[PDB]
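A single chain, nothing else alongside it, follows as structure tokens in the form deposited in one PDB entry.
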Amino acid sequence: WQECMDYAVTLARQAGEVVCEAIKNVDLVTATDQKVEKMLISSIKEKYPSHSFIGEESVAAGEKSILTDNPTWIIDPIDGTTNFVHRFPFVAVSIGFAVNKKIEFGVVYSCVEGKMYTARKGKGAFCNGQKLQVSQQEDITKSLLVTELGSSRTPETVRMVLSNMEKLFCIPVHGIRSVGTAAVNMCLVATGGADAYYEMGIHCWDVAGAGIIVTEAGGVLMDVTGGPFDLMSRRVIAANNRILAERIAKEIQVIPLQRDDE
């Protein structure tokens, strides 16, 4: 599996480059998205024809995101679309790989920054060859959180997204940031740059790569309820530690959402 991983890192860099080259300069973000997943999918089918793959293409072609025991690649060609369009500086290419339904490695590349985050189950997390360690803050009032406002303009939803932000802001927490991509937000928690990231409405391909980088940097992922993280539930709390994770968990309120499963 290390060859698979070391392959995936070259494939993340190359994809990274097509995204970056296109950021200098059917809209451009769609043209570049179609090119990079074709690049990414037929490069994994040629070298690994045995392996399965979950992504948005497979879901849109009617297949269900259900993870089996066979090597699956959970691919996100460009994480940070709106960003791409604005040249707002954070877009990531994401690749997560699972065997026996557990993620084995994750590779996230932040194009415009030139940063390559990798992690492998058991061997630790690194940003560009330097090891990552999450923070030690266990006090919620001194923690800095990252989250996003959603892609939904449905007012019942928007009011809850803002309602939950308010409750946490008033705890008080140190502050909240939004950088515009879920994969990069989780890498910021892996470095120690933020203390926790929560979001309800993401998709498994958005988080499968960076989830393992949070944990090999020493953090915890868990469900918005307090229960175990569930890759197909559309919701995540990636934190530096359980204390903080549970805190966030007890205060927010669920936004009903249809599992990636159903």
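Only the largest set of C-alpha atoms that superpose within 1.5 Å between the two forms is called the rigid core. Numbers follow the displayed sequence, beginning with 1. Residues that one form lacks are left out of the comparison.
According to the record, 10 or more deposited residues between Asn25 and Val26 are left without atomic coordinates. Averaged over Cα atoms, the B-factor as recorded in the entry is higher for 165-173 than for the other of 165-173 and 82-90. Averaged over Cα atoms, the B-factor as recorded in the entry is higher for 39-47 than for the other of 202-210 and 39-47. Residue-level inspection of the entry shows that, of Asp223, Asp195, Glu216, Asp69, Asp69 has the top Cα B-factor. Looking at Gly180, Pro155, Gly96, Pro77, the one whose CA carries the top B-factor in the deposited record is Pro155. Per-chain ranking of the deposited C-alpha B factor places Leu188 in the lowest third. Annotation for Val18: C-alpha temperature factor in the middle third relative to the rest of the modelled chain, per the entry. The PDB entry assigns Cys111 a C-alpha temperature factor belonging to the middle third of its chain's modelled residues.
When the modelled residues of the chain are ordered by their C-alpha B factor, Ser143 lands in the middle third. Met160: CA B factor in the highest third of modelled residues in this chain (values from the PDB entry).
One more form of this protein, solved in complex with a small molecule, exists but is not displayed; see below.
Put simply, of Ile78, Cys111, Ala125, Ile74 only one has a heavy atom within 4.5 Å of the small molecule in the deposited bound form, and it is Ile78. The closest non-hydrogen atom of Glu216 lies beyond 4.5 Å of the small molecule in the deposited bound form. For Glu148, a non-hydrogen atom is located within 4.5 Å of the small molecule in the deposited bound form, even though that partner is not displayed. Within 4.5 Å of any heavy atom of the small molecule in the deposited bound form lies no heavy atom of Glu63. The shortest heavy atom separation between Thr181 and the small molecule in the deposited bound form is within 4.5 Å. Residues with any non-hydrogen atom within 4.5 angstroms of the small molecule in the deposited bound form fall in just one of 222-230, 46-54, 192-200, 208-216: 192-200. The rigid-core alignment places the CA of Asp223 less than 2 Å apart between the shown form and the other one. Once the rigid core is used as the reference frame, the Cα position of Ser58 differs between the shown form and the other one by 2 Å or more.
After superposition on the rigid core, the stretches of at least three consecutive residues with Cα shifts of 2 Å or more between the shown form and the other one are 26-29, 56-66.
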